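Cβ coordinates were reconstructed from backbone atoms using ideal geometry, including for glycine residues, and neighbour counts include every protein chain displayed. Coordinate-derived values only; no laboratory data.
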There are 2 protein chains.
Amino acid sequence: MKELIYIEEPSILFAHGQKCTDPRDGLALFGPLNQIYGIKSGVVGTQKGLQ
Amino acid sequence: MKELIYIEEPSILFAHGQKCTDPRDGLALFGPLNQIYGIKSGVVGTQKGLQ
């Protein structure tokens, strides 16, 4: 009766060589893969925009 | 036999608003004025150059 096939869900590699299926959960548990020490930002806009 | 005038040596500021005269000593005792979190390097050259 027109059988359906099932494909599994892929796994994405987080830090420490670990695997998960939801990026939010993997990021919250293990963390990103590479180390950039900081993000120096720049803001263009009105004073209210900076606030 | 004329006359020579003495000019006081200038002072260069450092972190915490401290004053010194030698950049080496001032940097060692107090440190830089701004915070860049890190230096992400990049090397162009032969493998021996990288080593």
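Rounded to the nearest 20 debye, the dipole magnitude of the protein assembly as shown is 180 debye, with +1 charges on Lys and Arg beta carbons, -1 on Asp and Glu beta carbons, and the Cα centre as origin. Close amide H pairs (under 5 Å, H built 1.01 Å from N) link B:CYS20 with B:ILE12, residues at least 5 positions away or on another chain. Computed from the Cβ-Cβ distance with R0 of 22 Å, the FRET efficiency linking A:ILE7 to A:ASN34 stands at 0.15.
Take A:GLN51, move 7 Å from Cα toward the beta carbon, and the resulting point lies 6.1 nm from the same point in each other copy, nearest first.
Which whole number gives the average, over all residues in A:27-37, of C-beta atoms from other chains lying within 10 Å of the residue C-beta?
1
Could you let me know the centre-to-centre spacing of region A:22-50 and chain B, using Cα atoms, in angstrom? Comparing the Cα centres of region A:22-50 and chain B, I get a distance of 31 Å. Overall, the ratio between the Cα radius of gyration of the protein assembly as shown and 2.2 N^0.38 Å, rounded to two decimals, is 2.21.
Taken over chain B, the alpha-carbon convex hull comes to 194 cubic angstrom per residue. Per-residue ellipticity at 222 nm computed for the protein assembly as shown from its helices equals -4500 deg cm²/dmol, with DSSP H segments shorter than 4 residues left out and the rest contributing -39,500 (n - 2.57).
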